[PDB]
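> Before anything else, here's the structure in question.
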Amino acid sequence: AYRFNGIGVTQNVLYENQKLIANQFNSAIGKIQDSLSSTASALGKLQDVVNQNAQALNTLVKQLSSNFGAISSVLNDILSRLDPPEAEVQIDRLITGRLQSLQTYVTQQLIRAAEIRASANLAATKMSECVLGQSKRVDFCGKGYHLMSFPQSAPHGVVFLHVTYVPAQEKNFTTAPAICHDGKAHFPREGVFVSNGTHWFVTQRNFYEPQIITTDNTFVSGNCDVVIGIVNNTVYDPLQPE
Amino acid sequence: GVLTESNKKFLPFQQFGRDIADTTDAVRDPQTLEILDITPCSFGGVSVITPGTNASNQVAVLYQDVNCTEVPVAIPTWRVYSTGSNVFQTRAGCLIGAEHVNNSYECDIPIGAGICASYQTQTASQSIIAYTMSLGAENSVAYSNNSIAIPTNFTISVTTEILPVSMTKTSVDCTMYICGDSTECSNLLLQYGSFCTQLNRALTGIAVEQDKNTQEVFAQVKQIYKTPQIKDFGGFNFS
Amino acid sequence: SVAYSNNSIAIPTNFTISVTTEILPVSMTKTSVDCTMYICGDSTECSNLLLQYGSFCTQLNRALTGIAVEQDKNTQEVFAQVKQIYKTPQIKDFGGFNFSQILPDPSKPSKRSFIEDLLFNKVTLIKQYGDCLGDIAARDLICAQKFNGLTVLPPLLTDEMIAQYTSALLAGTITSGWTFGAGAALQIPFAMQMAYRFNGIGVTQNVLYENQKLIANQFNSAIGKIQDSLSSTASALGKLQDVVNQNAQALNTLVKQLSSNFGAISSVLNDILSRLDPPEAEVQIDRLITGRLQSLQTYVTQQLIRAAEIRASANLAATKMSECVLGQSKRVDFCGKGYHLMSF
Ligand SMILES: *[C@@H]1O[C@H](CO)[C@@H](O)[C@H](O)[C@H]1NC(C)=O
Ligand SMILES: *[C@@H]1O[C@H](CO)[C@@H](O)[C@H](O)[C@H]1NC(C)=O
Ligand SMILES: *[C@@H]1O[C@H](CO)[C@@H](O)[C@H](O)[C@H]1NC(C)=O
Ligand SMILES: *[C@@H]1O[C@H](CO)[C@@H](O)[C@H](O)[C@H]1NC(C)=O
Ligand SMILES: *[C@@H]1O[C@H](CO)[C@@H](O)[C@H](O)[C@H]1NC(C)=O
Ligand SMILES: *[C@@H]1O[C@H](CO)[C@@H](O)[C@H](O)[C@H]1NC(C)=O
Ligand SMILES: *[C@@H]1O[C@H](CO)[C@@H](O)[C@H](O)[C@H]1NC(C)=O
Ligand SMILES: *[C@@H]1O[C@H](CO)[C@@H](O)[C@H](O)[C@H]1NC(C)=O
Ligand SMILES: *[C@@H]1O[C@H](CO)[C@@H](O)[C@H](O)[C@H]1NC(C)=O
């Protein structure tokens with residue numbers, strides 16, 4: 001109920017339809033479990049990271065098979081075939097080449113570490129906001145209006161379950177900005193004046209909860225000429241009859 | 001290279017000229033006092049579009065900066081992949097080996113400049129087709145100046161977001177990787193030991209950063225709460 | 001200084017509608033490098049000693065392809081947030097607001113807006129073998145760098161589809177408010193949407209309805225003012241021009257590096273091969289090969305750094321588009337100075 005009040009829907013609608021909400025939540029959880037069980041190509045990022053690291057190590061190993069202008073790529077052969085003072089040239093060439101390879105590998109590792117650090121910071125702030133609280137930012141914790149968040153641990157990463165609110169099928173209604181009862185403009189406190197065929201009601205923004213127009217739902221202000229689209233109707237007074 | 005007529009005229013004491021790349025582009029013929037220009041014979045990029053070799057062996061070739069008419073000027077199997085009957089000029093060079101299709105679907109292999117290539121059953125024969133990209137379903141909103149739409153129902157939805165947290169920590173032994181059980185070597189590495197120390201310091205910094213990331217992401221709260229025994233959550237099943 | 005007492009308060013009596021411009025880079029030019037062409041330059045004597053460094057060549061090509069696919073991912077993520085494409089309404093009747101400048105004009109190619117036309121004209125951004133062969137007098141750098149295996153790949157999504165996505169987003173946010181961000185779009189009169197925004201920034205909705213004409217006039221005047229300022233002040237799109245100039249300078253200096261001999265007797269392979277026997281020429285060839293490989297590696301590393309910075313900026317732009325455009329943000333200064341109302 002607190003979450004529903006947070007996303008701008010009155011808390012009573014949750015208590016009116018609790019069983020449906022529980023059934024929908026359970027069905028959605030089962031559906032995503034089945035999707036994870038079936039669709040294998042879902043955890044692309046973690047596999048990409050581990051494959052990238054393995055490929056970097058494998059190519060670093062493979063670099064040893066190239067002679068950087070020397071006569072051979074193995075120190076034992078050079079040392080067996082040549083005297084020290086002249087073989088030192090080939091040894092120096094190989095040393096320079098392998099140092100360059102190591103430096104390149106280290107630099108690429110630094111780049112990847114910086115990118116992973118950025119991703120980790122994003123994950124940390126997402127955990128702080130969406131999981132430990134309710135976020136009013138749009139699309140930060142999933143499409144729709146955010147309600148809850150359940151974290152799960154995955155190797156070299158994290159997966160979030162963003163439980164969200166999505167409005168279903170709608171209807172077409174005729175609306176007016178204000179209502180002129182008796183020479184006085186009236187404006188809705190929280191909702192919008194919606195009119196069906198031959199009646200006027202007031203409803204909340206994100207749900208259809210028709211209500212009769214009373215002095216407790218509207219506040220008076222101004223006159224009946226300034227507003228562009230004012231219409232005539234009647235306002236119920238819940239004190240005069242008594 | 002390829003020789004051609006040149007408008008430039010050298011000074012009497014000059015023989016050949018050099019460009020910004022410091023290579024010989026213009027020369028003066030010794031037999032006939034004439035100026036000629038030299039240009040490389042290779043110019044242009046080629047890319048090979050293909051589905052998995054597990055699927056099929058057919059390929060489509062994209063020439064980046066060559067019109068299909070001038071393909072013979074640019075360049076058995078290669079000639080077949082250069083002949084016509086399937087040419088299709090695009091905004092990023094002409095494409096040979098694929099069939100144009102009017103319909104638009106989601107992209108599979110991005111050719112570039114709004115063209116995508118994919119494997120489809122153009123009848124159960126298979127052929128590589130090229131089509132324009134599909135942005136999405138067209139739609140319009142019935143907008144008036146006194147009309148509003150209001151939802152009457154709600155649907156609870158759950159989604160998954162996956163983010164990397166850390167990578168594998170590694171360390172490198174420079175002397176072992178370079179020389180290897182060699183007393184003759186590892187004696188000339190005393191000069192580059194400083195570079196070795198620099199690499200080791202960088203790798204240790206990366207590793208401690210990874211540990212810090214792993215700690216920071218999941219250890220936000222300190223007090224550890226035991227799960228309750230009785231669920232009685234009003235209907236929600238957190239099994 | 002502020003006249004501060006302990007029982008005194010100041011309260012505004014009027015409001016002014018203001019609009020600002022925020023420019024962020026999204027993507028950089030994609031490049032690919034043919035290492036063998038750049039090093040050996042079509043010599044069969046060379047390209048036989050590059051079999052040892054083919055691994056380095058493959059590494060560079062892999063890194064550059066990764067950068068290119070990252071660029072495509074960035075430009076897709078920034079603008080393709082919403083999927084359903086909404087057609088702009090025919091009748092405007094928006095209560096006074098005139099969105100003519102930003103709404104697309106179908107009387108021109110690519111159906112791009114007036115502001116988009118001016119922005120495209122502000123930033124000063126295909127070739128052929130015959131064109132490069134014939135045009136010798138004008139030493140254009142594009143042909144020279146293309147003769148050395150340096151090619152520029154086009155983006156997957158061109159400007160027309162970007163304009164289409166922008167028009168769809170604008171039409172959705174105008175005819176449906178922010179409800180089209182989550183679920184299906186719901187039509188709402190623009191006055192009601194503006195009242196919703198005013199209620200969001202803590203100002204009672206009635207003050208909007210009492211002062212609609214003044215607000216519409218202020219909005220139109222502000223739009224015209226920024227249009228004139230952008231048409232006059234040229235030094236406004238500094239970041240995008242800086243990005244393209246940086247990429248062009250990097251390519252130009254990579255081309256220029258070919259004129260230095262890394263300790264060899266000469267900087268051209270043809271001269272060394274014509275003056276020396278193979279066994280003693282291989283030393284100079286190896287020196288030049290090592291130098292040019294170092295140059296290519298340096299260029300690749302700098303490109304990686306720039307790509308990382310651009311990715312960070314693109315992520316910021318994507319979240320800004322998600323928050324300020326598809327909704328109303330209560331964070332201060334995130335969507336401009338003042339209290340945020342709209343975003344186009
Ligand atoms: C409008 O709502 C009132 C409320 O009772 C109802 O009596 C009336 O039939 C409705 N009009 C139409 C056209 O359904
Ligand atoms: C717009 O609304 C006004 C009243 O607010 C109405 O008089 C007018 O007819 C409406 N526009 C159209 C095209 O009907
Ligand atoms: C509303 O009522 C006033 C006074 O009774 C009248 O002048 C006005 O014309 C009415 N409006 C409509 C739309 O009938
Ligand atoms: C050089 O010899 C060629 C062939 O014998 C001849 O065509 C040419 O005219 C000669 N050049 C001069 C300057 O006589
Ligand atoms: C193609 O790939 C599938 C899935 O990886 C595999 O089962 C199949 O055996 C492959 N084809 C061949 C000819 O091996
Ligand atoms: C070459 O291709 C371009 C692509 O825009 C086209 O405009 C031009 O007419 C073509 N020229 C020839 C000779 O094919
Ligand atoms: C699509 O365009 C091509 C080229 O004009 C044409 O041959 C084909 O018939 C078109 N397809 C349809 C379904 O109109
Ligand atoms: C709302 O949706 C649920 C499930 O789709 C359905 O059982 C319920 O009847 C719907 N509400 C109304 C008022 O039809
Ligand atoms: C508020 O500012 C507008 C435009 O500057 C002006 O027309 C209006 O009179 C001002 N309000 C008051 C109460 O002076």
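Note on naming: chains are A, B, ... as they come in the structure tokens, residues start from 1 per chain, ligands start from 1 in the order shown.
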Which chain B residues are at most 7 Å from chain C (counting only C-alpha atoms), as a ChimeraX atom specification?
/B:20-23,40,43,65-66,92,110,112-114,136-149
> Any chance you can output those residues with C-alpha atoms as a compact mmCIF listing (two decimals), in the first residue's frame?

```txt
# COMPACT_ATOMS: atom_id res chain seq x y z
CA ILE B 20 53.95 14.27 -47.73
CA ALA B 21 54.56 10.55 -47.18
CA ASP B 22 58.10 11.14 -48.54
CA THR B 23 57.51 8.65 -51.37
CA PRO B 40 49.48 2.78 -56.08
CA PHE B 43 42.72 1.51 -53.41
CA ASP B 65 34.04 2.79 -52.48
CA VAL B 66 33.44 1.12 -55.86
CA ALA B 92 28.04 2.73 -48.77
CA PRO B 110 24.47 -4.37 -40.19
CA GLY B 112 25.75 0.16 -42.98
CA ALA B 113 23.85 3.28 -44.05
CA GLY B 114 20.48 1.67 -43.39
CA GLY B 136 9.21 0.11 -35.68
CA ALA B 137 5.46 -0.16 -35.92
CA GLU B 138 3.79 2.97 -37.25
CA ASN B 139 1.16 4.50 -34.98
CA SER B 140 -0.90 7.62 -34.36
CA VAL B 141 -2.62 9.07 -31.29
CA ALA B 142 -6.25 10.14 -31.55
CA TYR B 143 -5.63 13.60 -30.10
CA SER B 144 -8.43 16.12 -29.57
CA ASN B 145 -8.61 19.27 -27.46
CA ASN B 146 -11.27 18.02 -25.02
CA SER B 147 -10.57 14.26 -24.94
CA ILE B 148 -8.65 12.21 -22.37
CA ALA B 149 -7.87 8.50 -21.98
```
> I'd like the neighbourhood of stretch 305-315 of chain C as a PDB file with N, CA, C and O atoms, in the first residue's frame, where a residue qualifies if any of its atoms comes within 10 Å (using only C-alpha atoms), though same-chain residues fewer than 6 positions away should be ignored.

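selection.pdb was written with the following content:
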```pdb
ATOM      1  N   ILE A 111      42.441  -0.391 -19.442  1.00  0.00           N
ATOM      2  CA  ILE A 111      41.235   0.127 -20.096  1.00  0.00           C
ATOM      3  C   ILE A 111      40.008  -0.669 -19.661  1.00  0.00           C
ATOM      4  O   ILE A 111      38.973  -0.104 -19.262  1.00  0.00           O
ATOM      5  N   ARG A 112      40.105  -1.998 -19.743  1.00  0.00           N
ATOM      6  CA  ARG A 112      38.964  -2.838 -19.392  1.00  0.00           C
ATOM      7  C   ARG A 112      38.593  -2.677 -17.923  1.00  0.00           C
ATOM      8  O   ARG A 112      37.407  -2.692 -17.569  1.00  0.00           O
ATOM      9  N   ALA A 114      38.948   0.054 -16.125  1.00  0.00           N
ATOM     10  CA  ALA A 114      38.220   1.315 -15.993  1.00  0.00           C
ATOM     11  C   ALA A 114      36.760   1.157 -16.406  1.00  0.00           C
ATOM     12  O   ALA A 114      35.847   1.638 -15.713  1.00  0.00           O
ATOM     13  N   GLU A 115      36.517   0.477 -17.530  1.00  0.00           N
ATOM     14  CA  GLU A 115      35.135   0.275 -17.967  1.00  0.00           C
ATOM     15  C   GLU A 115      34.342  -0.540 -16.947  1.00  0.00           C
ATOM     16  O   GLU A 115      33.187  -0.211 -16.628  1.00  0.00           O
ATOM     17  N   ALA A 118      33.348   1.580 -14.023  1.00  0.00           N
ATOM     18  CA  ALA A 118      32.168   2.395 -14.308  1.00  0.00           C
ATOM     19  C   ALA A 118      30.889   1.572 -14.187  1.00  0.00           C
ATOM     20  O   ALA A 118      29.901   2.015 -13.576  1.00  0.00           O
TER      21      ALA A 118
ATOM     22  N   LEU C  24      25.612  17.391 -26.286  1.00  0.00           N
ATOM     23  CA  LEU C  24      26.431  16.279 -25.829  1.00  0.00           C
ATOM     24  C   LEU C  24      26.862  15.440 -27.026  1.00  0.00           C
ATOM     25  O   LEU C  24      26.037  15.154 -27.910  1.00  0.00           O
ATOM     26  N   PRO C  25      28.125  15.029 -27.097  1.00  0.00           N
ATOM     27  CA  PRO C  25      28.522  14.061 -28.122  1.00  0.00           C
ATOM     28  C   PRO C  25      27.912  12.699 -27.843  1.00  0.00           C
ATOM     29  O   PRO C  25      27.665  12.326 -26.695  1.00  0.00           O
ATOM     30  N   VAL C  26      27.667  11.948 -28.917  1.00  0.00           N
ATOM     31  CA  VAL C  26      27.074  10.619 -28.834  1.00  0.00           C
ATOM     32  C   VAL C  26      27.966   9.568 -29.483  1.00  0.00           C
ATOM     33  O   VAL C  26      28.225   8.511 -28.900  1.00  0.00           O
ATOM     34  N   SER C  27      28.450   9.840 -30.692  1.00  0.00           N
ATOM     35  CA  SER C  27      29.263   8.879 -31.419  1.00  0.00           C
ATOM     36  C   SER C  27      30.440   9.589 -32.069  1.00  0.00           C
ATOM     37  O   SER C  27      30.408  10.797 -32.311  1.00  0.00           O
ATOM     38  N   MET C  28      31.489   8.819 -32.342  1.00  0.00           N
ATOM     39  CA  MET C  28      32.656   9.299 -33.063  1.00  0.00           C
ATOM     40  C   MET C  28      32.821   8.499 -34.349  1.00  0.00           C
ATOM     41  O   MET C  28      32.208   7.445 -34.536  1.00  0.00           O
ATOM     42  N   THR C  29      33.658   9.019 -35.242  1.00  0.00           N
ATOM     43  CA  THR C  29      33.868   8.379 -36.532  1.00  0.00           C
ATOM     44  C   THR C  29      34.494   7.002 -36.359  1.00  0.00           C
ATOM     45  O   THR C  29      35.458   6.828 -35.609  1.00  0.00           O
ATOM     46  N   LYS C  30      33.937   6.019 -37.060  1.00  0.00           N
ATOM     47  CA  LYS C  30      34.473   4.666 -37.059  1.00  0.00           C
ATOM     48  C   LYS C  30      35.573   4.562 -38.104  1.00  0.00           C
ATOM     49  O   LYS C  30      35.413   5.042 -39.230  1.00  0.00           O
ATOM     50  N   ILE C  67      35.585  -1.069 -31.052  1.00  0.00           N
ATOM     51  CA  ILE C  67      35.239   0.346 -30.929  1.00  0.00           C
ATOM     52  C   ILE C  67      34.074   0.696 -31.849  1.00  0.00           C
ATOM     53  O   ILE C  67      33.145   1.416 -31.457  1.00  0.00           O
ATOM     54  N   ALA C  68      34.101   0.192 -33.086  1.00  0.00           N
ATOM     55  CA  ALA C  68      33.033   0.509 -34.032  1.00  0.00           C
ATOM     56  C   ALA C  68      31.684  -0.033 -33.566  1.00  0.00           C
ATOM     57  O   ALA C  68      30.663   0.671 -33.628  1.00  0.00           O
ATOM     58  N   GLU C  70      30.827  -0.671 -30.534  1.00  0.00           N
ATOM     59  CA  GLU C  70      30.427   0.135 -29.386  1.00  0.00           C
ATOM     60  C   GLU C  70      29.788   1.445 -29.830  1.00  0.00           C
ATOM     61  O   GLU C  70      28.803   1.898 -29.235  1.00  0.00           O
ATOM     62  N   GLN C  71      30.346   2.075 -30.867  1.00  0.00           N
ATOM     63  CA  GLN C  71      29.759   3.311 -31.381  1.00  0.00           C
ATOM     64  C   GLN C  71      28.345   3.077 -31.894  1.00  0.00           C
ATOM     65  O   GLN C  71      27.434   3.880 -31.635  1.00  0.00           O
ATOM     66  N   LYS C  73      26.296   0.716 -30.930  1.00  0.00           N
ATOM     67  CA  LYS C  73      25.454   0.490 -29.759  1.00  0.00           C
ATOM     68  C   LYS C  73      25.079   1.805 -29.086  1.00  0.00           C
ATOM     69  O   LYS C  73      23.934   1.987 -28.659  1.00  0.00           O
ATOM     70  N   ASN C  74      26.034   2.731 -28.981  1.00  0.00           N
ATOM     71  CA  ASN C  74      25.757   4.022 -28.355  1.00  0.00           C
ATOM     72  C   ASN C  74      24.699   4.795 -29.131  1.00  0.00           C
ATOM     73  O   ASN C  74      23.736   5.316 -28.548  1.00  0.00           O
ATOM     74  N   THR C  75      24.872   4.897 -30.453  1.00  0.00           N
ATOM     75  CA  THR C  75      23.926   5.693 -31.228  1.00  0.00           C
ATOM     76  C   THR C  75      22.560   5.025 -31.295  1.00  0.00           C
ATOM     77  O   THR C  75      21.547   5.712 -31.459  1.00  0.00           O
ATOM     78  N   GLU C  77      21.314   3.217 -28.634  1.00  0.00           N
ATOM     79  CA  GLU C  77      20.735   3.354 -27.302  1.00  0.00           C
ATOM     80  C   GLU C  77      20.248   4.772 -27.041  1.00  0.00           C
ATOM     81  O   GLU C  77      19.249   4.968 -26.338  1.00  0.00           O
ATOM     82  N   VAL C  78      20.944   5.776 -27.576  1.00  0.00           N
ATOM     83  CA  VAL C  78      20.603   7.155 -27.233  1.00  0.00           C
ATOM     84  C   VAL C  78      19.220   7.523 -27.765  1.00  0.00           C
ATOM     85  O   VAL C  78      18.383   8.061 -27.033  1.00  0.00           O
ATOM     86  N   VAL C 243      35.312  17.130 -31.700  1.00  0.00           N
ATOM     87  CA  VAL C 243      35.437  15.686 -31.893  1.00  0.00           C
ATOM     88  C   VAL C 243      35.890  15.373 -33.316  1.00  0.00           C
ATOM     89  O   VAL C 243      36.833  14.594 -33.536  1.00  0.00           O
ATOM     90  N   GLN C 246      39.454  16.419 -33.857  1.00  0.00           N
ATOM     91  CA  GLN C 246      40.383  15.506 -33.202  1.00  0.00           C
ATOM     92  C   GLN C 246      40.596  14.253 -34.034  1.00  0.00           C
ATOM     93  O   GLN C 246      41.735  13.803 -34.214  1.00  0.00           O
ATOM     94  N   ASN C 247      39.512  13.674 -34.555  1.00  0.00           N
ATOM     95  CA  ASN C 247      39.661  12.472 -35.374  1.00  0.00           C
ATOM     96  C   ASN C 247      40.447  12.764 -36.649  1.00  0.00           C
ATOM     97  O   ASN C 247      41.335  11.987 -37.038  1.00  0.00           O
ATOM     98  N   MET C 321      17.996  11.891 -21.647  1.00  0.00           N
ATOM     99  CA  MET C 321      16.835  11.730 -22.516  1.00  0.00           C
ATOM    100  C   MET C 321      15.740  10.931 -21.824  1.00  0.00           C
ATOM    101  O   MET C 321      14.554  11.259 -21.940  1.00  0.00           O
TER     102      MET C 321
END
```
> Restricting the calculation to only C-alpha atoms, which member of A:109, A:5, A:204, A:104 is positioned closest to residue A:217?
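Once distances to residue A:217 are computed over only C-alpha atoms, the minimum belongs to A:204.
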> Taking only C-alpha atoms and all ligand atoms into account, report as a list in words which residues have an atom no farther than 8 Å from an atom of ligand 6.
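If we count only C-alpha atoms and all ligand atoms, the neighbours of ligand 6 turn out to be residues 66, 67, 68, 69, 70, 89, 90, 91, 93 and 94 of chain B; 126 of chain C.
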> Dump the neighbourhood of ligand 9 as a PDB file with C-alpha atoms, in the first residue's frame: all residues within 12 Å, distances computed on only C-alpha atoms and all ligand atoms.

```pdb
ATOM      1  CA  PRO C  12       7.915  35.995  -5.922  1.00  0.00           C
ATOM      2  CA  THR C  13       4.994  37.658  -7.684  1.00  0.00           C
ATOM      3  CA  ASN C  14       5.633  36.698 -11.326  1.00  0.00           C
ATOM      4  CA  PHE C  15       7.211  33.969 -13.434  1.00  0.00           C
ATOM      5  CA  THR C  16       9.347  33.861 -16.572  1.00  0.00           C
ATOM      6  CA  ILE C  17       9.545  30.899 -18.952  1.00  0.00           C
ATOM      7  CA  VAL C 207      -2.402  30.018 -11.930  1.00  0.00           C
ATOM      8  CA  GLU C 210      -5.530  32.240 -15.251  1.00  0.00           C
ATOM      9  CA  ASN C 211      -2.416  33.213 -17.270  1.00  0.00           C
ATOM     10  CA  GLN C 212      -2.439  30.977 -20.347  1.00  0.00           C
ATOM     11  CA  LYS C 213      -1.959  33.662 -23.010  1.00  0.00           C
ATOM     12  CA  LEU C 214       1.068  35.207 -21.297  1.00  0.00           C
ATOM     13  CA  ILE C 215       2.703  31.793 -20.877  1.00  0.00           C
ATOM     14  CA  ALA C 216       2.137  30.932 -24.541  1.00  0.00           C
ATOM     15  CA  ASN C 217       3.547  34.295 -25.638  1.00  0.00           C
ATOM     16  CA  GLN C 218       6.614  33.839 -23.428  1.00  0.00           C
ATOM     17  CA  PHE C 219       7.216  30.338 -24.796  1.00  0.00           C
ATOM     18  CA  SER C 221       9.246  34.477 -27.761  1.00  0.00           C
TER      19      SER C 221
END
```
